[PDB]
Amino acid sequence: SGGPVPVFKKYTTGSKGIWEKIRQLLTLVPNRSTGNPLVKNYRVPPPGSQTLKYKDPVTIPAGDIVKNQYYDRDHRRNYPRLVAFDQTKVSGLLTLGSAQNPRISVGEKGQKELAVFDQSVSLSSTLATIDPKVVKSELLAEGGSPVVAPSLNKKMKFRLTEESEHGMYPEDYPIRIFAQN
Amino acid sequence: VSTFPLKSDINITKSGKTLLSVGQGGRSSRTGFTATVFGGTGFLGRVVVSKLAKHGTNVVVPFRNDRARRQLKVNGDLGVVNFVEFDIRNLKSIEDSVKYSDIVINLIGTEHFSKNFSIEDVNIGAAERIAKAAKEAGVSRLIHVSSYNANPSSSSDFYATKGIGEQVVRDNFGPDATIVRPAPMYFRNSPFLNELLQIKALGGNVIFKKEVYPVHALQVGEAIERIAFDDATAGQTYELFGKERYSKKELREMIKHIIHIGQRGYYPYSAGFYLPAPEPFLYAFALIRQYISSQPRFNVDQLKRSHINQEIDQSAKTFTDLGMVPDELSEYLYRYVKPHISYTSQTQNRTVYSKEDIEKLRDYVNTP
Amino acid sequence: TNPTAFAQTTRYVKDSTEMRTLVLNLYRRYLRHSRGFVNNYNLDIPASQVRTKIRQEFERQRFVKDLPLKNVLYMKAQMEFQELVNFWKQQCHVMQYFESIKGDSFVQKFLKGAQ
Amino acid sequence: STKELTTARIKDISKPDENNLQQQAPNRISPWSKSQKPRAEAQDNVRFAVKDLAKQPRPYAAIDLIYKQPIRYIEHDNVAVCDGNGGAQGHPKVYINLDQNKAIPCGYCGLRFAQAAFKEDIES
Amino acid sequence: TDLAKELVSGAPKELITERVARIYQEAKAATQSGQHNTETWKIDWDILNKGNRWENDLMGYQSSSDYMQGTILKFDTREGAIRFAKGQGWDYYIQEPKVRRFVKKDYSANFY
Amino acid sequence: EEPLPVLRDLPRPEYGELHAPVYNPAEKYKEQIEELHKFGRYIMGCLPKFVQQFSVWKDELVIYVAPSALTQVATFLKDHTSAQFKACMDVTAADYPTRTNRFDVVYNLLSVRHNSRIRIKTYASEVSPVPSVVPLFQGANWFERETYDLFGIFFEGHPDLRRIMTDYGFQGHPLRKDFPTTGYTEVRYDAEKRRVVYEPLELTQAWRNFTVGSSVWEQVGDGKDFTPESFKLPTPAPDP
Ligand SMILES: NC(=O)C1=CN([C@@H]2O[C@H](COP(=O)(O)OP(=O)(O)OC[C@H]3O[C@@H](n4cnc5c(N)ncnc54)[C@H](OP(=O)(O)O)[C@@H]3O)[C@@H](O)[C@H]2O)C=CC1
Ligand SMILES: [Zn+2]
């Protein structure tokens with residue numbers, strides 16, 4: 001927890017000897033820093049005089065000379081395709097089912113039903129004449145419950161916290177602090 | 001101005017150079033001409049520099065006041081307007097201004113004499129030196145601006161020196177020198193209108209009796225643009241003046257009604273809008289301020305010129321020879337005296353004086 | 001949120017007869033504010049010349065027949081009216097609006113370069 | 001003579017003068033490209049009327065400096081490798097064939113490489 | 001289609017009475033074997049006979065007064081390009097793309 | 001009392017050859033893709049009269065509607081308990097001159113209730129009207145003004161529609177594809193007129209079109225299919 005820290009543990013120029021004793025007596029908060037960076041510590045090796053020998057970092061699976069076929073990591077050309085669902089295809093999915101739960105007849109009898117949804121088929125007409133259990137199981141969820149808008153992050157919860165934890169303003173200030181929970 | 005000033009995209013100078021214009025005639029366009037505008041920081045100079053530089057013509061502006069030249073560069077694109085620190089008593093500075101120029105326009109002239117220059121030095125000495133230096137630099141065209149009453153035998157120092165200036169320029173530069181005689185010019189911050197707009201005009205009974213033929217300053221600068229780019233105007237003299245004759249007393253009273261100084265009957269007399277003084281007193285006051293005041297005041301010579309009216313040389317050429325119709329002062333009078341209106345400030349209703357309104361106001365002034 | 005002064009609610013008029021009335025109503029509003037336009041922007045022309053200019057601009061679209069084009073033209077005219085009355089335009093823009101000005105022969109264009 | 005100051009030539013027919021401001025470069029009189037505008041013509045502009053020509057930027061001509069570098073002669077090898085003599089701070093590494101009986105310059109640095117067996121032929 | 005949409009576009013009148021646009025399909029470059037650029041229809045404007053390009057004397061820059069010199073519209077079909085050009089009331093003309101004649105090509109023909 | 005340690009001199013860890021997983025970033029959206037497909041289908045089922053079609057890309061759901069259906073769909077997506085999209089974060093447009101209706105009008109809605117986002121797509125021409133969602137979302141007032149200023153789309157019912165970005169009296173709509181990037185005019189100070197004036201555009205250096213250097217080869221293939229198995233039309237069983 002980011003509690004108070006003594007002044008000598010902060011990388012700022014401070015007072016010495018008698019002038020340090022005087023500062024502690026007169027300052028309301030003696031542990032605060034003056035904000036002047038330490039001349040002997042801050043930026044003492046300048047970026048142009050660093051002794052570090054830099055090397056380009058490379059990962060093994062994607063930056064090696066072996067077992068590194070590019071198409072195995074070519075995510076840009078394996079982008080998701082853009083698919084739009086109109087009322088004709090939704091009616092087909094509702095009437096014939098999906099490939100996950102097929103409800104379409106077999107053989108030539110099944111291809112007749114598929115060719116129905118190759119032209120305009122209104123969804124309202126499909127809903128008008130259809131078994132209601134299909135709507136309660138495919139279009140709706142949990143036996144007819146409405147489909148709630150899906151969350152962008154299911155782990156976005158919060159919990160109310162008190163001053164002893166978050167260290168912010170006490171309860172008499174008109175703001176509150178929510179943690180991750 | 002228009003959109004393209006030149007009559008053709010290829011022009012051959014009097015010295016043999018072939019100049020080709022590029023572009024449609026905007027800021028980024030060029031005309032192939034380089035011009036030197038002596039006295040380009042003056043009243044007429046800024047109009048001339050603005051018209052030349054706005055179409056791409058390179059302008060060289062000799063100057064002596066460093067702060068006054070700054071506003072000239074806005075007229076042209078990068079590299080169009082150039083400045084040279086010069087003095088008419090420095091021959092090298094003048095020769096540098098005309099070295100690369102195809103046209104030299106001499107707008108240098110004065111009505112007063114100072115501790116450093118006399119009327120002769122500026123009106124005659126400066127013009128002669130510029131004209132002679134231009135010829136030795138092989139400048140194709142020279143344009144000199146004299147006064148409206150230029151006469152070498154005139155009893156006024158200003159008119160006589162202007163008259164001699166015309167002759168000394170033609171002798172040095174040669175017969176290919178064009179001379180312009182503009183009338184008093186009206187425009188924003190125009191010296192001809194500034195005197196009339198001054199509330200405390202001392203000796204208005206003696207000074208404001210002069211009769212002139214005022215001409216628009218924008219047209220004078222436009223005429224110079226026509227003359228510089230038309231070699232058919234070489235060796236000619238142009239008298240630029242308006243059709244309607246005006247007396248300064250008529251203009252003074254017409255302005256007084258436009259400014260609405262007369263909204264309070266007592267105010268014009270109390271504020272000093274009329275300062276009748278004897279001419280011998282005005283001569284004494286003008287003589288004294290010629291050596292006490294550090295700023296150019298109404299001097300002795302201008303007192304003489306109040307008794308001399310503007311006479312037009314019939315033999316000289318006019319706007320008709322340049323294919324222009326002179327602007328009427330009644331049309332542009334309101335827009336140039338508008339800044340001096342007392343209150344206005346859209347309180348109840350602005351009184352906009354049109355061409356017909358000004359002419360009617362002239363009748364009211366002369367109506368007793 | 002309150003709309004600004006002289007703000008109208010955009011509407012698509014489906015009747016040609018109704019559209020004519022709206023244009024006439026807006027035409028009179030321009031004429032009534034002509035003196036206000038002169039005072040606010042400090043023009044060099046009298047209010048009579050402003051009304052002539054307003055009439056000329058309105059007459060340029062007199063023979064427009066397509067109703068969908070009329071709605072856009074009327075809507076933009078209302079926006080222009082609101083801009084002028086509320087003094088949102090700077091005085092330079094209005095001065096240039098009234099600063100709008102026999103064509104050259106074939107040879108005259110030829111000698112100078114033409115387009 | 002204004003002919004050596006305005007025409008591109010492989011060599012200057014005279015010795016360049018470092019104090020002459022009409023030369024293309026302080027170390028070279030003539031321009032080194034057919035489309036390179038001569039310095040004398042460029043300085044003859046209205047914008048140089050009251051400007052001191054000595055203080056204008058006049059970098060040395062690189063064409064004269066590169067040919068002061070001696071030819072690198074390679075022993076027991078017909079291929080020369082050059083990367084700018086700087087490595088990571090030079091130019092991309094390229095390989096130059098030296099079979100022909102002449103010096104062949106680098107495509108980036110302009111350093112000329114040749115075989116030692118052709119040293120007598122090249123120098124004469 | 002018949003609506004004169006140029007009355008409300010706000011573009012200057014010079015686009016109609018003085019400029020000519022070309023509806024074309026880009027030809028295959030002779031230096032490359034790709035044909036991707038030839039799959040779309042494009043619209044550009046003919047250059048101004050004067051003032052299309054001129055040399056700025058200060059730096060040698062390519063000055064211009066044609067505001068449409070760098071505008072190239074992209075269309076997926078020829079009909080879409082025509083419909084847009086007609087809608088804006090532009091003076092245009094169509095350059096029909098050249099089609100390559102098909103000739104059989106086999107390795108056996110190198111000897112027969 | 002102790003001196004502060006020198007952070008430069010502190011020892012640092014030693015790492016060998018690093019390893020990293022290689023997987024398609026689209027794989028992490030598998031739950032989001034399927035849930036949005038079900039929610040998108042639920043909206044079409046609730047509004048068959050208005051919803052033309054819907055699409056799902058990773059974690060973004062788009063609803064496509066006609067201009068005459070914009071008000072109803074937005075009202076449904078705002079007041080329905082399962083879809084409480086109270087906030088309209090953005091209203092924008094895009095120009096497609098090829099199509100009969102040039103402009104796609106896009107509405108991005110946010111539901112702080114369920115931590116969800118949805119998109120509404122409609123279409124417009126240069127003269128066709130689009131209903132204003134200002135009565136529904138007061139935050140769309142400025143967005144619709146910006147759309148009109150840069151495109152010219154007719155928003156019917158807007159309480160105060162006018163320019164919001166361009167200069168007063170500006171001619172043209174910049175974001176249209178036929179509008180030149182540099183415009184038609186430019187400004188300067190006229191010494192004679194003592195004011196700033198508009199003049200026809202002239203460029204000292206014309207804009208250089210380096211876009212003609214685009215590759216003559218297609219760069220991305222047909223992509224990979226990420227449609228959920230529960231949303232593919234079934235293949236009938238083979239012959240007996
Ligand atoms: N109503 C009018 O103004 C009339 C004008 N003229 C003449 O037209 C010409 C243009 O003058 P205008 O613009 O109208 O008003 P100005 O008198 O203010 O113009 C005078 C110009 O000449 C320069 N000048 C005067 N003396 C010198 C000098 N010793 N050395 C260098 N420059 C000098 C001035 O430069 P700087 O400003 O730096 O001092 C200034 O640019 C003048 O010659 C004038 O005599 C004649 C009749 C009517
Ligand atoms: Zn090399």
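Remember, it's 1-based here, ligands and their atoms both numbered in the order they're listed. Convention: sequence-line order gives letters A, B, ...; per-chain numbering from 1.
Proximity of the aromatic rings of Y213(B) and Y246(B) is defined here by a centroid distance below 6.0 angstrom, and this criterion is not met. Ring centroid separation for the pair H216(B) and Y336(B) comes in under the 6.0 Å cut-off.
Counting only protein N, O or S atoms closer than 2.8 Å to the Zn ion (ligand 2) gives 4.
For the residue pair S153(B) / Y159(B), no side-chain donor-acceptor distance below 3.5 Å is found, with atom types taken as modelled.
By the 30° and 60° cut-offs, the orientation of the rings of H91(D) relative to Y108(D) is parallel.
Ionic pairing of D44(C) and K338(B) is present here: one or more N-O contacts between side-chain nitrogen and carboxylate oxygen are shorter than 4.0 angstrom. Between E136(B) and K132(B) a salt bridge is recorded (basic side-chain N to carboxylate O distance below 4.0 Å).
A cation-pi arrangement is absent between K304(B) and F158(B), since the terminal nitrogen or guanidinium carbon is not both under 6.0 Å from the aromatic centre and inside a 45° cone about the axis.
Atoms CZ and CD, from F187(B) and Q219(B) in turn, are 12.5 Å apart once rounded to the nearest 0.5 Å.
Side-chain atoms of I224(B) and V145(B), non-hydrogen and from C-beta on, do get closer than 4.5 Å to each other.
Contacts of ligand 1 (protein heavy-atom distance under 4.0 Å) are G39(B), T41(B), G42(B), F43(B), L44(B), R64(B), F86(B), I88(B), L107(B), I108(B), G109(B), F117(B), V122(B), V145(B), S146(B), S147(B), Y148(B), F158(B), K162(B), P182(B), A183(B), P184(B), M185(B).
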